[PDB]
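> Here is my input; please provide its structure:
(chains A, B, C, D and E, ligands or ions: 1)
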Amino acid sequence: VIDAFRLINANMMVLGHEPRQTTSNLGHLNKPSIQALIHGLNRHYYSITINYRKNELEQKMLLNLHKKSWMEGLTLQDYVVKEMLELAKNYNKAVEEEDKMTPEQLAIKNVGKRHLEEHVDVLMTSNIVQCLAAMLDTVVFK
Amino acid sequence: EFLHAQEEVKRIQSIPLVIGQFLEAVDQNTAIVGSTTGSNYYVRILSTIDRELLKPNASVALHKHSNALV
Amino acid sequence: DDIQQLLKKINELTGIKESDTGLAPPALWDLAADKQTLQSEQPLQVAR
Amino acid sequence: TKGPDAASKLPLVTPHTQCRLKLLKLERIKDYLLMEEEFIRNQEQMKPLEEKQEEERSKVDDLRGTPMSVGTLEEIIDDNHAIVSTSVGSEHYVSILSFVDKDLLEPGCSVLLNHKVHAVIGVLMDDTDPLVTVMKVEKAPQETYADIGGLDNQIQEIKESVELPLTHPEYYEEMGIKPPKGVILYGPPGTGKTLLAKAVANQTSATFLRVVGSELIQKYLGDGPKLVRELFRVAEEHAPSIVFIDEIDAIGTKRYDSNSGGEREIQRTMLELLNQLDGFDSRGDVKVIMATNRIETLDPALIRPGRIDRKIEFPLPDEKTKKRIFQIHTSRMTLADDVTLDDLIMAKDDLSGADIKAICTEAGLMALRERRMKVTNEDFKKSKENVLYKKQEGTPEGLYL
Amino acid sequence: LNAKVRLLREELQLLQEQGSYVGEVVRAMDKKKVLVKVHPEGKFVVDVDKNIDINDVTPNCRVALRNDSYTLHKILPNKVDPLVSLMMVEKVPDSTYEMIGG
Ligand SMILES: Nc1ncnc2c1ncn2[C@@H]1O[C@H](COP(=O)(O)OP(=O)(O)OP(=O)(O)O)[C@@H](O)[C@H]1O
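Numbers count the residues shown, from 1 in each chain, chains lettered A, B, ... in the order given. Please find the structure below.
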């Protein structure tokens, strides 16, 4: 929500406010446009374009921070996973079985001038990962 | 990018909200809702929310700034 | 029926309202409403 | 001051039948309304000079923000810093000058100010409670008197009370008599009090005021009588006019004690209404009409000279008034020669105009039931039996008397 | 297809804008102005937008009113608080016409 403002004197208002000599940057500046309250008090002011300073070392350090710290990427404890999986798959199987009625009716209906349910990518990923865990189970250890 | 947009939309509703009473529905994606502060606002509803549950007065949480039905 | 239709459309098309009042004739704001008013408009505050 | 009703769209359709005159009459009326439409369609089209491409107005637009708050103008200070309070009692002594006429300054009159700087905007708003402005009506329902028939005495009385005063006061002026102000119409239900009210409403040169008796039961304690006081103020403001109160036996009834202690408080409304009607000060030039089914139940304090100068009874038409109403109603419908209205009139007693309307309508309906557009006496013979069945009275006073 | 889906998700960004208040138009005058009474706070006078013509505004309508600039947004129906509950036109009962008695 941060923003940057700068005031304009009332002496040169006869002269142009902000002499513009670049279309791309002026349009980018206008893209934020002006806020409701901003117009309510936009006068004697003219917002100035802001941007995050180039960031590589800090960017790289943060990126390394995320994997291990800001989300689960310890990579050594990275791999319930066999306890609750049965129950999660039970829920989703029952739900998909139920949802299968709506496509049935949809097909039943003629030309006549909620089948899209997906629910399969989730199962795919979850149980394929669980099966892959065999790789850790049988080789990575012992 | 599509996935990022989807997760952003889902997050939109996670922020602490303000309880209030929905008044009525004008048209899809729009409605009138009365807050616990008593004022009545003209706001929008996310495509995710499902109509039959919205139709009855019932109770609903609004975005503390946008006031949109969530 | 066309008589009633014409009556309704002409009652719509009258538009002789303009209940716009409150202003003073341009003989007093001549030296008044010109600068000081708006020159104090922001500075001259309000006390409860 | 103000003006009244603006309906009356040529009440001269006098063939009243399928004749080429009414084809010629109404097409003349179509011609003048299309042209008056075309007169305002091109009126603005001519003279492009749209307020001299604009001037002065810009100042009022810029000085006053888009939203204008309102408040009560309190004690005035010559330096333009008159005290004003918002709706929440936000009293603020604040300046008040723009291109704004500073002559309509009074304590207690609504004033407009700026949202942000609270400076007085200008347009001292001139409006009242919308609960009353809605009551104002300018559309005469139907014909004035021709429809009504037989009440020569009652129509004469009401005319003398209302119409004659605002037509020729020469007699009143020379003789010094003030015309009567209050009139209370009473009688058995359906006698047509409402009919006569509409009748006068159709030929009232002044603005008409309409109110139902059970309209001053404002939920909040107090308030209420303020409603009626403001109503009378409004009516007085808008030039001479007549205030009509239907079913008055809902706000004043015998003024009996609270008894159970519920404090209905309607008594307070009645007392304030009575005060406004006649107490201290002067009413002004405003006429009052009251209609009710039961009058005795009204408390005496409301009903007395200076408040209801006339009490007009509306009795059941016996024969002549009955015949008048009967054939007046039947006129606008095709009827057969064999029909004998006088026969039915004599045959039945204790019959009111509402019943005449109902019986004629039912006879027409029965005839349509038979698939005959034309009616017959037998149609009325069946209709008067069907309609007059709900009424069953008479104690066993069939032998002793 | 999925560029379209992305565009729709982006356009869902309009949810950021705060909603407008609701006010019953006490009375609309000429010159593009109407005095309205919002429920929480006393009445005031506002200017109308360009979407809706003045004549459409009549006393006692619920206008959706801009939150920031106090400019007219829209008009809304159904100014009936509990009585619509008694309207109960929906939920038609059985077609008992045939099975009525003699
Ligand atoms: N003598 C008559 N001549 C013509 N029409 C009549 C006559 N008597 C009654 N009517 C019609 O029948 C209607 C029935 O009576 P009305 O509805 O006026 O009842 P009321 O009790 O006199 O008045 P209110 O309805 O205000 O209590 C009249 O309003 C009028 O339209």
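
> sec struct for residue E:36, please.
strand (DSSP: H, G, I helix; E, B strand; the rest coil).

> so the closest residue to chain A within the stretch 201-350 of chain D, which of the three states?
The minimum distance from the stretch 201-350 of chain D to chain A, using C-beta to the nearest C-beta, falls at residue D:220 (36.4 Å). From N, CA and C alone the C-beta is placed, and that goes for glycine too. Three-state assignment for residue D:220 (three-state DSSP): coil.

> Now do it: how many residues are near it, please.
Neighbour count for residue D:220, taken as other C-beta atoms under 10 Å in any protein chain shown: 6.

> can you check residue D:99 too?
23.

> So what's the residue count around the closest residue to it other than its chain neighbours?
Nearest residue to residue D:99 in three dimensions, chain neighbours excluded: residue C:29, at 4.4 Å (C-beta to C-beta, 6 or more residues apart in numbering or on different chains). Using other C-beta under 10 Å, the number of residues around residue C:29 comes to 21.

> so which strand or helix has residue C:29?
Assigned by DSSP states H and E, residue C:29 falls within no helix or strand.

> right, and it touches residue D:122 too?
No: under the criterion of C-beta atoms under 8 Å, residue C:29 is not in contact with residue D:122, lying 10.6 Å apart.

> tell me, what's touching the two both at once?
D:98-99 (C-beta atoms under 8 Å, 6 or more residues apart in numbering or on different chains).

> Need the nearest residue in space to residue D:74, chain neighbours excluded.
residue D:83 (3.8 Å).

> For the residue in chain A that chain E sits nearest to, give me its contacts.
Residue nearest to chain E within chain A: residue A:36 (3.5 Å; C-beta to the nearest C-beta). Neighbour list for residue A:36: E:67-69 [criterion: C-beta under 8 Å, 6+ apart].

> Also residue E:9?
B:2, B:5-6, B:9 are the contacts of residue E:9 under C-beta under 8 Å, 6+ apart.

> List the buried residues of the helix or strand hosting it.
Residue E:9 belongs to helix E:2-11 when assigned by DSSP H and E. Buried positions in helix E:2-11, judged by neighbour count with 16 or more other C-beta atoms under 10 Å in any protein chain shown: residue E:9.

> Name the surrounding residues that touch whichever helix or strand comes after it.
Note on helix E:2-11: by DSSP H and E, the next helix or strand toward the C-terminus is strand E:20-29. The contact list for strand E:20-29, computed with C-beta under 8 Å, 6+ apart, reads B:32, B:39-42, C:17, C:19-20, D:127, D:130, D:133, E:34-39, E:43, E:48, E:54, E:57-67, E:73-74, E:76, E:79.

> how far away is the closest residue to residue D:242 other than its chain neighbours from residue C:38?
Distances taken as C-beta to C-beta, 6+ apart place residue D:287 nearest to residue D:242, at 4.4 Å, with adjacent residues excluded. Residue D:287 is 51 Å from residue C:38, where distance means C-beta to C-beta, to the nearest Å.

> In a markdown table: the contacts of residue A:36, plus neighbour count and distance to residue E:24.
Formatted as a markdown table, the contacts of residue A:36 follow (neighbours: other C-beta atoms under 10 Å in any protein chain shown; distance: C-beta to C-beta, whole Å):
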| residue | neighbour count | distance to residue E:24 |
| --- | --- | --- |
| E:67 | 18 | 17 |
| E:68 | 14 | 20 |
| E:69 | 18 | 19 |
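
> Which of these sits closest to chain A?
Distances from chain A to those, taken by C-beta to the nearest C-beta, are shortest for residue E:68, at 3.5 Å.

> Checking my notes, residue D:27 in a helix, right?
Yes: counting by three-state DSSP, residue D:27 is located in a helix.

> Chain B: helices as residue ranges?
Using DSSP state H, the helices of chain B run over B:2-12, B:51-54.

> One more: chain C?
C:2-14, C:36-41.

> wait, which of those is closest to residue A:72?
With C-beta to C-beta as the criterion, residue A:72 lies closest to helix C:36-41 of those, at 59.5 Å.

> hey, C-alpha coordinates of the longest helix along chain A in CSV?
Assignment by DSSP H gives helix A:85-99 as the longest helix of chain A. Below are the C-alpha coordinates for helix A:85-99, written out as CSV (Å, rounded to 0.1, in the frame of the first residue of the first chain):
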residue,chain,number,x,y,z
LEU,A,85,-3.8,-41.0,3.4
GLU,A,86,-6.3,-43.9,3.5
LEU,A,87,-8.9,-41.6,5.0
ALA,A,88,-8.3,-38.7,2.6
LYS,A,89,-8.6,-41.0,-0.3
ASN,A,90,-11.7,-42.5,1.1
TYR,A,91,-13.3,-39.0,1.4
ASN,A,92,-12.3,-38.1,-2.1
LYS,A,93,-13.5,-41.4,-3.6
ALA,A,94,-16.9,-41.0,-2.0
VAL,A,95,-17.1,-37.4,-3.1
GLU,A,96,-16.2,-38.3,-6.7
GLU,A,97,-18.7,-41.2,-6.7
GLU,A,98,-21.4,-38.8,-5.6
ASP,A,99,-20.4,-36.1,-8.1
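
> Quick check: residue E:84 touching residue B:57?
No: using C-beta under 8 Å, residue E:84 is not in contact with residue B:57; the gap is 10.7 Å.

> Export the helices of chain B to CSV and append columns for distance to chain D.
Listed next are the helices of chain B as CSV, based on distance: least, C-beta to the nearest C-beta, whole Å:
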stretch, distance to chain D
helix B:2-12, 31
helix B:51-54, 31
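
> Next, count neighbours for residue D:362.
Neighbours of residue D:362 (other C-beta under 10 Å): 18.

> Please read the previous query as pertaining to residue D:386.
Going by other C-beta under 10 Å, the residues that sit close to residue D:386 add up to 13.

> List the neighbouring strands of the longest strand seen in chain B plus their orientation.
Using DSSP state E, we find that the single longest strand of chain B is strand B:17-27. When pairing is defined by DSSP bridges, strand B:17-27 lines up against strand B:30-35 (antiparallel), strand B:60-63 (antiparallel).

> Give the full set of residues in contact with residue D:66.
Per C-beta under 8 Å, 6+ apart, neighbours of residue D:66: E:46-47, E:69-71.

> Residue D:140 now?
D:5, D:7-8, D:201-203.

> As CSV, these with secondary structure would be great.
CSV is the format used below for the contacts of residue D:140 (three-state DSSP):
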residue, secondary structure
D:5, coil
D:7, coil
D:8, coil
D:201, helix
D:202, helix
D:203, coil
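
> Just name the closest of those residues to residue D:343, please.
Of all the contacts of residue D:140, residue D:202 has the smallest distance to residue D:343: 33.1 Å, by C-beta to C-beta.

> Tell me which of the helices of chain C lies nearest to the ligand.
When these are compared by C-beta to the nearest ligand atom, helix C:2-14 sits nearest the ligand, at 22.2 Å.

> Quick one: list the elements packing against the closest one.
Packed against helix C:2-14 by the contact rule (3 or more C-beta pairs under 8 Å, 6 or more residues apart in numbering or on different chains; DSSP states H and E) you find helix D:20-41.

> Show me what from chain B comes close to chain E.
By C-beta under 8 Å from any C-beta of the partner chain, the residues of chain B that approach chain E are B:1-2, B:5-6, B:9, B:12, B:24, B:26, B:32, B:37-44, B:46-47, B:63, B:65-68.

> Whichever of the residues you listed end up buried, select them in ChimeraX.
Of these, the buried ones can be selected in ChimeraX as follows, counting by 16+ other C-beta under 10 Å:
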select /B:5,9,12,24,26,32,39,40,41,42,43,44,46,63,66,67,68
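
> what about the closest residue to residue D:348 other than its chain neighbours, how many neighbours?
Excluding the flanking residues, the one nearest residue D:348 by C-beta to C-beta, 6+ apart is residue D:384, at 6.4 Å. Per other C-beta under 10 Å, the neighbour tally for residue D:384 reads 20.
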